[PDB]
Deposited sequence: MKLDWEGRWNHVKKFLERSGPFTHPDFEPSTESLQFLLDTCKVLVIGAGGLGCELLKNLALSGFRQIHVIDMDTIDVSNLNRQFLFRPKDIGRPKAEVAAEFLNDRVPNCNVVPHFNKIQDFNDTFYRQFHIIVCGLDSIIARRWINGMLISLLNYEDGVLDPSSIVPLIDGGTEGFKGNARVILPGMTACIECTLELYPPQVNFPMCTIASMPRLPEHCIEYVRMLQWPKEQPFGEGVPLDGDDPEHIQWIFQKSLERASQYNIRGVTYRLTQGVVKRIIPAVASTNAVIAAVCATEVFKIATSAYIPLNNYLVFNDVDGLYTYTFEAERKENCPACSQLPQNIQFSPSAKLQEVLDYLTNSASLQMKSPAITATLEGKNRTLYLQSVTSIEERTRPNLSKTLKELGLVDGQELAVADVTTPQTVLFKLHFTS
């Protein structure tokens, strides 16, 4: 037997071997594009959770074979209602590893290579190896980080972008019966940093409310988790709250009801306690399937130039009937991440606050360094202290350099 049985790729070939009226301008039919897909196109899937499993199936059945997966998580029982590449026996094993295992077994000659890592563990060298990158993660930080990484791979010769250095980034997200998908062509279209409004950071209750004006069950649970557990140390000095530890949640649940009684707040339940502690986002298989399908279809289009790619940002909502909405996000010219020209601040804790509390730069814990000397940092307890003196050594044109956990890049601002 040969690798590919009769008619195996019949459902894919038709879009590569036939000319068409809606084809991509640079598209030419060929009985050799499928080969590039099977033999050389390298695709990296960021995330083995939710979209990840769906994404590996999609690419595999679309003719991709050189696929890599990155994930730092272990299989959890709650993954099982939608992460179909894992079974109860797999609970505890690395998702990345199990995803490749299952995929390689189900799709005959696929070659999914796993990586029990977080995306921050790798550098340029690792990512340049890929033609396309599909991210199906859930944290905004990761999305921004990988967004910065690909931007960094860009090579401009005299202000003339080198197309070969562009690594398309397909990004997808889900939330219950809502989801989003988007195509980012680093240096050509809107990047993640260009549309921060589209990525509203998760809820983070205000201190005053949590510590002195609780009104909702969630505030109580939050208080116990964020203040009482650190103060008291229920399970021993240094013992960190383990959101998955049954005993820890029962503890949090009891102290929560305690605070709720004192303020006559109803609703503290074990389920709600788990929700808050783990900052759980409801999820189902169907919504992940829909969004991963849009994303994979776009990865396919970008690889074979079969059709022009999603302009750039699609939204899906399944609540009242269903619909998809697509629009073109605009590349912001004043972009901190993808613009080519350094930022222009016009003014120490004046910039650290500006770089944090702003909306254009929602940096989380920026480390500011003057031309050639660390001014402030935060990554070192002495740095955050010794250097802390925030307390009002620069001039006019000086080129400052910020650094956050949000990007692999050093945003140059003047």
| Missing CA stretches, deposited numbering from 1, N-terminus first | 348 to 352, 377 to 380, 399, 403 to 407, 430 to 434
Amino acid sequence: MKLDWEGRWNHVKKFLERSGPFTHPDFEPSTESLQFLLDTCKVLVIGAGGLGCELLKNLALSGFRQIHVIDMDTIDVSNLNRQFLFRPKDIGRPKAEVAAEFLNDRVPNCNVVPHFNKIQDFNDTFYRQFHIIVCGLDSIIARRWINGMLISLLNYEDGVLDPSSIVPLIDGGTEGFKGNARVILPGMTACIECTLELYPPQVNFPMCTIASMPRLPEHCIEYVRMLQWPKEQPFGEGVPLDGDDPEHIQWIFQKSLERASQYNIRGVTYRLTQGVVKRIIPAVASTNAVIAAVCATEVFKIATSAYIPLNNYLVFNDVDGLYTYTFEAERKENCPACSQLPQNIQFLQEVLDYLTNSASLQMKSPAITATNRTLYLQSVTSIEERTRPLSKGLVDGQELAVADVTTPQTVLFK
From here on, numbers count along this sequence of modelled residues.
| request: Averaging the C-alpha B factors as listed in the entry, name the stretch that ends up higher: 259 to 267 or 239 to 247. | output: 239 to 247
| field | Which of 125 to 133 and 150 to 158 has higher mean CA B factor, as the PDB entry lists it | value | 150 to 158
| field | Selection by C-alpha B-factor (highest) of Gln66, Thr371, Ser62, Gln35 | value | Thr371
| Looking at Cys53, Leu361, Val43, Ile70, which has the biggest Cα B factor in the entry? | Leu361
| said: When the deposited Cα B-factors of this chain's modelled residues are ordered and cut into thirds, is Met207 in the lowest, the middle or the highest one? | reply: highest
| How does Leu85 rank on Cα B-factor within its chain, lowest, middle or highest third? | middle
| message | Quick check for you: using the entry's CA B-factors within this chain, is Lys231 in the lowest, middle or highest third? | response | highest
| note | Assert third(CA B-factor, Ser339) within chain per record equals highest
| In terms of the chain's CA B-factor thirds, is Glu333 lowest, middle or highest? | highest
